[PDB]
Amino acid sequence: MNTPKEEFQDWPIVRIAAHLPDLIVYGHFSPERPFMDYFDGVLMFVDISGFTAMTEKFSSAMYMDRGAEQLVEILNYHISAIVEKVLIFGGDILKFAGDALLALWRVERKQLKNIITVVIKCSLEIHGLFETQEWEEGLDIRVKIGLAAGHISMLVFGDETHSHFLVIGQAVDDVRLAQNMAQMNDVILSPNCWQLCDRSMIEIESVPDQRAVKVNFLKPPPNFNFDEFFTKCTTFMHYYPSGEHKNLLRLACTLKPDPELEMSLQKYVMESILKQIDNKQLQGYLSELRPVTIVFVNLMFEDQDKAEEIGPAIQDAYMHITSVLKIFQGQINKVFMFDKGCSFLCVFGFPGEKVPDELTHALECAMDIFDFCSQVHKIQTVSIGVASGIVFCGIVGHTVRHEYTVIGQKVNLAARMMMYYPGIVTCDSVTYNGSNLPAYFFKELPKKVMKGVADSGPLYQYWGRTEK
């Protein structure tokens, strides 16, 4: 009696699970929005910001008309190898957002110490991927790694058809700060990660004027076997692929059709991604160098680590942001913490979502969002950065773990505008000149040197219709 091999694993539910972490896939949580969870873990923040420079050169006539295709191919080539490293070492990739990825090892407090060792070793094997890596003309493209450990809160917000999630708290703030201290090839530990770590495993040096530390070496004791050590650590990793599924990168590759789970998971994913997953759109349609308008929205709180305080406020802002964006096919691409505030990366003019008068609409939407969010209880400061131009749109990461992302100088510009000009609506020259709006709607701003952007162009505050 025959026994045919290889289980079918290309279900729509599996394709949707690629765009999500295990934190979501295996989350099983209540309907209420906002939803909040509290746990401990180790965070890894890998920065690959050599490619926001690569985006510009891929726009040139060199690449003929295959710049977006060549860019996503070389990106994913490198990011796939980082993803595979994180996954094999037992991490959950939470999020991709142009310039970086965030990974989680969610673990009970007693196991934090040993898991930090696992995460450090993973970090050093990531750097070793790029030791003699390059693309000939210009540079060599390497990574920067910040690590943190401690209390982590999760926020889930949304409505009946859309869901978004965020990690929040001191370890989230710390991993971002650790990453900003890092140079090319560094592994930085947050002060608390250093306080919790196995100090007899790791050789560090002092970071100037900083409580955070730099890993120089992993020097394991005489009788230490990393493979045996890792095997002991997998005891505490709920979803580590094992036994008959030991060949898999993600347990999520084994998800079976489940209408109720799929209904809940599809809400995290953009309708155009779902269409491609459903084989109703060509799988290359979403990789594009495309003119868009970025509306970057930042919401500041008195304490950005207390999810019970800020979760209701983000939900309230989300509900209004979503109603305003739908009007013009605006999309929330990502939500995440900056080093100060919760930020919504909103996009006008994504593939098949182009409206006429994109710029006038992006500006009126920004002001609407600004005015509402300014009246939301616990929102201390709203800042909105508006920038317009050619950006890269595409699915970034590994086959088993990928996300739709925007990358480009105009993405970085909108982000830097909202941090360097807090409390106002700002826009670039493209938005200002190409707005179908009169000059007195705007105030021409002083020029600030912005860490990441070279000649921004003239910047403007969107003042709005009246003097008041």
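The first residue of the shown sequence is 1; numbering continues from there. For the two forms, the rigid core is made up of the largest set of C-alpha atoms that agree within 1.5 Å on superposition.
Displacement analysis by core superposition in 9 other deposited structures of this protein ranks 354 to 362 above the other of 70 to 78 and 354 to 362 in root-mean-square C-alpha distance from the shown form. Greater average departure of CA atoms from the shown form, over structures and residues in 9 other deposited structures of this protein after a core fit, characterises 326 to 334 among 249 to 257 and 326 to 334.
When the other compared entries with both flanking residues are checked, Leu139 is unmodelled in at least a third. Higher mean CA temperature factor, per the PDB entry, when comparing 187 to 195 with 209 to 217: 209 to 217. The question of which stretch, 218 to 226 or 81 to 89, has the higher mean Cα B factor is settled in favour of 218 to 226.
Which of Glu134, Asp368, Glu262, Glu288 has the largest Cα B-factor in the deposited entry comes down to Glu134. Of the candidates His320, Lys110, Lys267, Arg106, the PDB record gives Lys110 the highest C-alpha temperature factor. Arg416: CA B factor lies in the middle third for its chain, per the PDB record. In this PDB entry, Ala307 carries a Cα temperature factor that places it within the highest third of its chain's modelled residues.
Annotation for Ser123: CA B-factor lies in the middle third of the chain's modelled residues. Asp37 sits in the middle third of its chain by CA B factor, as recorded in the PDB entry. When all modelled residues of the chain are sorted by CA temperature factor, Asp258 is found within the lowest third.
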